[PDB]
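Undergrad: could you work out the structure for the sequence below:
(2 chains)
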2 protein chains.
Amino acid sequence: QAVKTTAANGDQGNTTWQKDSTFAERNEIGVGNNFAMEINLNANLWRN
Amino acid sequence: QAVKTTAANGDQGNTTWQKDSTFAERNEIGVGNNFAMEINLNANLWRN
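TA: Numbering: from 1, shown residues only, chains lettered A, B, ... in the order given. See below for the structure:
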């Protein structure tokens, strides 16, 4: 979900609103590297 | 779970019996395509 900042007078970085006026409420985001699986190629060909 | 149609007098499609007499009640089924990972093949051999 999106978020913005308030008037930010002093030590207001804690104060953070909701910016639903522009962005949606169910966005999709991943964290870290993407899922992946490992294989070894030349070994398999030689084995076959 | 399986279901069966009724005698269907008129607009009786809403009426729908359960065919649990014959079919089991936990049959498995998939919807849409199957799971599928992807790997470009020749690029990896050439790069190695």
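
Undergrad: distance check, the nearest residue to residue A:8 once chain neighbours are set aside against chain B.
TA: Nearest residue to residue A:8, sequence neighbours excluded (C-beta to C-beta, 6 or more residues apart in numbering or on different chains): residue A:15, at 7.7 Å. No exception for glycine: its C-beta is placed from N, CA and C like everyone else's. When distance is defined by C-beta to the nearest C-beta, to the nearest Å, residue A:15 is 44 Å away from chain B.

Undergrad: residue A:25 too?
TA: Counting by C-beta to the nearest C-beta, the gap from residue A:25 to chain B is 27 Å.

Undergrad: cool, residue A:30 as well?
TA: 16 Å.

Undergrad: re earlier: the residue nearest to residue A:8 reaches residue A:6, doesn't it?
TA: Yes: judged on C-beta atoms under 8 Å, residue A:15 makes contact with residue A:6 at a distance of 4.1 Å.

Undergrad: contacts for stretch A:32-43, please.
TA: Stretch A:32-43 is touched from outside by B:37, B:39, B:44-45, B:48, with contacts defined as C-beta atoms under 8 Å, 6 or more residues apart in numbering or on different chains.

Undergrad: disregarding residues adjacent in the polypeptide, which is nearest to residue A:2?
TA: Closest to residue A:2 by C-beta to C-beta, 6+ apart is residue A:23, at 3.6 Å.

Undergrad: okay, now the one you found: neighbour count?
TA: By the criterion of other C-beta atoms under 10 Å in any protein chain shown, residue A:23 has 12 neighbours.

Undergrad: residue A:2 now?
TA: Look at residue A:2: counted by other C-beta under 10 Å, it has 13 neighbours.

Undergrad: please tell me how far it sits from residue A:14.
TA: Distance from residue A:2 to residue A:14, counting by C-beta to C-beta, to the nearest Å: 18 Å.
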